[PDB]
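As you go down the protein sequences, you meet chains A and B in turn.
Read in order, the letters of the first sequence are residues 480 to 546, 564 to 565 in UniProt numbering.
Read in order, the letters of the second sequence are residues 2 to 890, 915 to 1341 in UniProt numbering.
For every residue, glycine included, the Cβ atom is placed at its ideal position computed from N, Cα and C.
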Amino acid sequence: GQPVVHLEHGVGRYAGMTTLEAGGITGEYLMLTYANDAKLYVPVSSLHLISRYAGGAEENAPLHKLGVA
Amino acid sequence: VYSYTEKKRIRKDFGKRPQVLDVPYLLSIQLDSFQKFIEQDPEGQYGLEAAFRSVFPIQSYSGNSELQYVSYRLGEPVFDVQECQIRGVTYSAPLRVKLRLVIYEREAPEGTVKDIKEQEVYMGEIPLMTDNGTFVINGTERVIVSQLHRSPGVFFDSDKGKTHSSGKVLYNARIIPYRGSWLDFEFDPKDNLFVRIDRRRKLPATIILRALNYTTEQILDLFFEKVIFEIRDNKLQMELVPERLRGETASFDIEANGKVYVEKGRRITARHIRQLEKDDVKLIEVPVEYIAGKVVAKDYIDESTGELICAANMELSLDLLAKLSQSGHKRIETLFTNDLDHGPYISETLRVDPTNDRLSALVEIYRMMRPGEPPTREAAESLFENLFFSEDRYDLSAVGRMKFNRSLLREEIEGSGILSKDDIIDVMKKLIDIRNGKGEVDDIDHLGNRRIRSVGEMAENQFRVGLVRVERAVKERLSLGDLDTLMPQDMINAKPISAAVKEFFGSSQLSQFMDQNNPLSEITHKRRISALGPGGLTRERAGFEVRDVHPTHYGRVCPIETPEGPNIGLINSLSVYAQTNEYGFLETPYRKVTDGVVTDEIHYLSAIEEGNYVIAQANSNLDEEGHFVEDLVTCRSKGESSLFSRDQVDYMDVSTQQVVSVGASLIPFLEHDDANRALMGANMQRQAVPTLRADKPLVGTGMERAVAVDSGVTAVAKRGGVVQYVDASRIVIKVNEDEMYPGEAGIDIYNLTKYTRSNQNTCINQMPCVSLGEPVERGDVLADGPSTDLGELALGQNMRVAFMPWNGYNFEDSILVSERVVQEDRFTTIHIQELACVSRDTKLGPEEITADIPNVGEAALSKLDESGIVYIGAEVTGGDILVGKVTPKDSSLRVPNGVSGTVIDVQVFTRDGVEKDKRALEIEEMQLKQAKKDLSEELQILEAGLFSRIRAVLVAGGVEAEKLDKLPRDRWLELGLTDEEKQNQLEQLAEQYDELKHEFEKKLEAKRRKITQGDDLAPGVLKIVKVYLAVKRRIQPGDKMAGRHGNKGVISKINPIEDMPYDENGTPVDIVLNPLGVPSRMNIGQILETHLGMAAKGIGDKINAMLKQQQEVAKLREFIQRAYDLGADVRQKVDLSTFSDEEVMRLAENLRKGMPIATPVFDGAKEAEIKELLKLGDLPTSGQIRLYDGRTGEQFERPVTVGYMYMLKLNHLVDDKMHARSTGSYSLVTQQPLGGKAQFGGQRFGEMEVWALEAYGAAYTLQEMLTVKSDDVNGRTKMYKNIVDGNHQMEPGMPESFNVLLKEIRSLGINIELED
RNA sequence: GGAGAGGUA
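Here it is as structure tokens:
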């Protein structure tokens, strides 16, 4: 649940590790839940774009949308 | 053995065959199909999942990225069924699919994941299936019949000498995929072989053979045998096969082993082959002339020069043999041919073949398929390959593969969904074999060749074809670059799928309106089996062969039930016990017959399997052991009947009544009437109007309760219980203790649909058929729907009938009816009409519904309210005002002329964002209060049930009945109790109580939202008001009633009772039919019915007399028991002694209007038992009694037949037809009177009538009729003036339509005109 | 006004 920043897209909430098939190759991914429950699976190999939240608002961070009279 | 409720009225039953299998659930074939269409199948071989997995994934052309499928889901329906019926929107469900776009890394090798994203994209709404099966598109509930299309696969057909006038048949073969291009092979009159694709230009087949990279010698090897000649020391000592010697004649001296086996001019006897094989000779010296006109199998070339001496498929000549011999050739292979065994059909086509190589064959194929477009070396190959071997564009379903392998004597019942070289090769081999005689042509009308198809498959196909468009869109999108920022939402579009499915459901040749003026109507309509539609033959180009009943219809399709007229044999109805095969064929049950014992175990046989075994029919007299008393038993062996031994049988029918439809199953004494008249009786039975209060038919066939309960009209209890409270509107049942679930006890509750218009303007409502404190059992009826009585079908009324002429008033088929039928008022029928009025928005501003209108007296306005809307319950008459509407510059709606009735319901709808007038707010508030009070009552009833349960669980282990009532229910849940599961149950019930509280508290708000919100509407319409009139059509001379045996008639007169014939006993008859009808149209069933019904009524009357004076149960039990006795070994065997001695009283009460009688269609009650039953009553056994005339009073000689008959009043009312027009509107393009009763149109003086007038000398009248009464404007204007002025004269002029024709012609280049 | 579906004689 720890907020995570991926510079490509934005701010999501870390939601664990998963295994996904990608055309005959089973690979491990870290799944982030962006706004409107849009899952994004980063290959564990591409861990370097996954940075920790820096705003000091881990529990008050935003959640970017992936993509009188 | 008899249910308590059943004991209210138990039908005396005839018939002797012990029923072994009850009828299955009639409405099965529908709910299962749609059920399979929508399901989460892991196998991914049903419905949506199969389609999704098929179309997906999708790969870009590069393809740097692809889009694949993951899973799907259906959201909750937005609105319930009743709401959709009210507003008139579809009862659908959203579809939400999780798609997954992946992106590779382009520079990285093939197969890698740069990134990956996904979302749940919405797409489309799919209409849902109601509990009954019907769909609701726009509050216009319709039904989808099933199709009977020929199955995909292969078929060897033959034209039966119907072409070329040569008497020579021409066998053709067809391959029909489930989705793709067809294929045909045909035999020319000249024994050539022609391929044809999709009915395009013809082609030699060997072309397509070459298309498979097949050369000449390969083909010849595949399709013929070799004969080897040996150039040797002495002139071609040829090797020989004795088997090739059948059916020839020795042309020379056949000699070997120094033995002249045969000489020239001799026919090759079998014994010649006998001596040959005995000598075991193989090589025979043959003269050179034997090779005079042969053809070489392969090519032969000179080894040294490397030059072909004789290319393959080349005739034989002496000098050619010399060239072989000098070439040193030793083995010479030629084709083994023949005229009756092996015709050289391939060789001829090969000689016809202009092409020799793969490329040119493909090129010319491409040219044939697409005229012009100079091909390329790639276009043809791509075309062919994607055409016949790309699964995506060509597909034999699993059914196709199974049937194909079946036809070719293969072993695997599973294979690929596309074709293969061997497939075509074997097809052509089989066709050639058929040409040679082996194997036989295959008919089409065989039930083993045509397949049913219910809704689900068609819906899936429509979904797929819709999906294809968005697939193409996304593919062209991904072919484009700029993929770094795409989402699986922009490229996906809902509109294509929505259109593709909505268009089909709302508007298709199979989703048709529902006839609803009967339970029977709905049932029989739902079971319909059509043969028209997409992929089906056309109504008006069908020969006799389709319409005729193939022998295989036995037990699978009712042969006697069909809509006559323009379409017979195409709207076939399903048989009763028929089932559907896993694939979609028709199966029927059969009792397995062991060695000599008829078991009760059953197997469902398909059409094809039946052709092998032997089946004895239903009525075969066995005796308790399946040991047939007889020895030459009647059996249908294979497309014919015969008498076979007592041991050879393999199967027996289930019941006599497995051959007919449910619809015809209700006709008593069917086995005596003619076929066509029974068909007519059935079709008319489908059209009965429900009466005011139904009456059981005295003489049923016993199929009544099944039809009633299986239909959705009646409210059938689901879990036996006890009536806790009854009302005209709702019912509540305290559930039985055992049927109750452990948690969430609750109590059962039902609500009743009151008067609501049917599809045919006939009101429908339900009435309870039980009182308080009445125990009930699971599956028992509770609320009588239309034309039902105590949970059994009851359409018409049973009445006293007599057969005799009477002053000609029943001359042809007119039916004379006494006055009691109307006085007692047992045929009046209620009807409901809906009238609408809109407020368009037009120039000169819009218009409104103000109560004030110009140039009208207050008299008409007296009935409207201040708003401009009539009050509910007002009794309007013809030509009134319902809603006052204005001319923006008087469009007030008015009652249609002639119609009377009462307003019962008003509704209104407004565009959103528009203020609402007084009445609209009033109705909104009233609905608010209604819903509030309704939910309050429901909630408190449920809470009462819950606290009753809580009290029940506290009766043991600490029961203090005082303490229960000391402090009220508010504080009961918290009471202490011994520690066990009881405490868990207490907590469970309290939790359910709080949950009920919350559920109600939210549901109230939900309903408030639904009510208060605005209404969507079509553009331009500001608001719409609807009003419901109720009418009671009673009866008139002219109406059309009928009996059940196709003996229809038109009521003609209403005599007063005093003129009616009356018996010596003083009871006058109520209907007088014409005896003359019976003999010509042989339907004795009505006469037998009359006799039997008279007997039943006599029994009922005797019981009523016994009851009138007080008679203790002692006599009643005796008499009723004896009545239920006197069967010819009937299977009823009902015992009175077991009854509570008061159920006896109630049963007698229910029987005082007759004793119901059952009669299975082909197990009916013969004459003798009717005679005995009559004699149980004091009626004359002869059936005919003497009568006395109403007017004269004297007796009629010639004792007359009288009795009772069940009769229906059909839905062709005289008031609906009688129509007239003096001078009304006028068509626009042509100035003629409009047509149809809806408009105030006039009749059509047709061409034949013009001929007829010409036949008489009548000229003036014709001229006037087609000049001044219809067309010539000025003529009719001045004619109107003249007629007003009392001067009958006319001025012809010229018809306008002729000028129309003149202008139309002149629009073409034709100059046409009138001379001087 | 025109299409399509169903239905009656």
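*Classify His488/A as buried or exposed, calling it buried when 16 or more other Cβ atoms lie within 10 Å of its own Cβ.*
Here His488/A is buried. Its C-beta has 16 or more other C-beta atoms within 10 Å.
_Cβ pair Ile347/B, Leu317/B closer than 7 Å_ = no
_For chain A, check one thing: does any of its Cβ atoms lie closer than 7 Å to the Cβ of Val56/B?_
no
*For the UniProt domain "RNA polymerase Rpb2" (345-454) of chain B, which residues have a CB atom closer than 9 Å to at least one CB atom of chain A, in sequence order?*
Listed by position along the chain: nothing, the set is empty.
*With a 10 Å radius around its C-beta and 16 neighbouring C-beta atoms as the bar for buried, classify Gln1264/B as buried or exposed.*
exposed
*asked:* Helix, strand or coil for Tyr26/B? Go by DSSP, reduced to three states.
replied: Correct three-state label for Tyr26/B: coil.
*Between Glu119/B and chain A, is there a C-beta pair that is closer than 7 Å?*
Yes, its Cβ sits closer than 7 Å to a Cβ of chain A.
*Could I get the ranges of all uninterrupted beta strand (DSSP E) runs contained in the region 731-774 of chain B, with 3 residues as the minimum, in chain order?*
731-736 and 749-752
*Express the C-alpha separation of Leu468/B and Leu68/B in angstroms, rounding to a whole number.*
In this structure, the CA atom of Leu68/B is about 14 Å from the CA atom of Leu468/B.
*Hey, does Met704/B have any beta-carbon neighbour from chain A nearer than 7 Å?*
no
*Helix, strand or coil: how does DSSP classify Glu825/B here?*
coil
*If you draw a straight line from the C-alpha of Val24/B to the C-alpha of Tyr1229/B, how long is it?*
Just so you know, the alpha carbons of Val24/B and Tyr1229/B end up roughly 30 Å apart.
*Could you name the residues of chain A that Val733/B contacts, counting a contact when the two beta carbons are closer than 8 Å?*
Those within 8 Å of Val733/B in chain A number zero; the least Cβ separation is about 43 Å.
*Interfacial residues, the region 97-117 of chain B to chain A, with Cβ spacing under 7 Å*: Residues of the region 97-117 of chain B with a C-beta atom less than 7 Å from some C-beta of chain A are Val103, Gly112, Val114 and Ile117, listed in chain order.
*Identify every residue that forms a DSSP beta bridge with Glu316/B.*
DSSP lists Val296/B as partners of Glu316/B.
*Would you say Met741/B faces chain A, with C-beta separation under 7 Å as the test?*
With 7 Å as the cut-off, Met741/B does not count as an interface residue toward chain A.
*Could you name the residues of chain A that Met488/B contacts, counting a contact when the two beta carbons are closer than 7 Å?*
By Cβ distance, chain A contributes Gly546.
*Residues in the region 500-533 of chain A having any Cβ partner in chain B nearer than 9 Å*: Result list: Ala501, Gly502, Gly503, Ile504, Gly506, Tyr508, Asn515, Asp516, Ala517, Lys518, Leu519, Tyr520, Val521, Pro522 and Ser525.
*Assuming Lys169/B and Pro190/B form a contact by the criterion Cβ under 8 Å, report the distance between their Cβ atoms to the nearest whole angstrom.*
6 Å
_Using a Cβ-Cβ cutoff of less than 6 Å, which residues in the same chain neighbour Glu538/A once the five nearest sequence positions on both sides are dropped?_
Excluding positions up to five away in sequence, the list is empty.
*Say whether the region 612-620 of chain B touches the region 629-642 of chain B, bearing in mind that this needs 3 or more beta-carbon pairs closer than 8 Å, one atom from each stretch.*
Contact between the region 612-620 of chain B and the region 629-642 of chain B is established, with three or more Cβ pairs separated by less than 8 Å.
*CB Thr498/A to CB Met510/A, shorter than 7 Å?*
No, the Cβ-Cβ distance between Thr498/A and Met510/A is not below 7 Å.
*Can you round the beta-carbon distance between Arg143/B and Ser512/B to whole angstroms, since I take them to be within the 8 Å contact cut?*
5 Å
_On the criterion of 16 or more Cβ atoms from any shown chain inside 10 Å, does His1070/B qualify as buried, or is it exposed?_
buried
_DSSP three-state label for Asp624/B, please._
In the structure shown, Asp624/B sits in coil (DSSP, three-state: anything other than H, G, I, E or B).
_Once the 5 residues before and after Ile498/B are set aside, which same chain residues still bring their CB inside 6 Å of it?_
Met124, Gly125 and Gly467
*Which stretch, first to last residue, makes up the alpha helix (DSSP H) that contains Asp424/B?*
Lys422 to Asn437
*Note down, in chain order, each residue of its chain lying with its Cβ closer than 6 Å to the Cβ of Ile104/B, except the 5 sequence neighbours on either side.*
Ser66, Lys115 and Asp116
*Who are the Cβ neighbours of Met1290/B in its own chain at under 7 Å, not counting the five residues just before and after it?*
Excluding positions up to five away in sequence, the list reads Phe1270.
_Burial state of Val655/B, where buried means 16 or more other Cβ atoms lie within 10 Å_ = That one is buried.
*4 or more residues per run - each alpha helix (DSSP H) lying fully within the region 441-480 of chain B*: 456-480
*What three-state label does DSSP hand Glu382/B in the structure shown?*
helix
*From what residue to what residue does the beta strand (DSSP E) around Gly1068/B run?*
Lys1065 to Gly1068
*asked:* With H, G and I counted as helix, E and B as strand and the rest as coil, what does DSSP make of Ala109/B?
replied: coil
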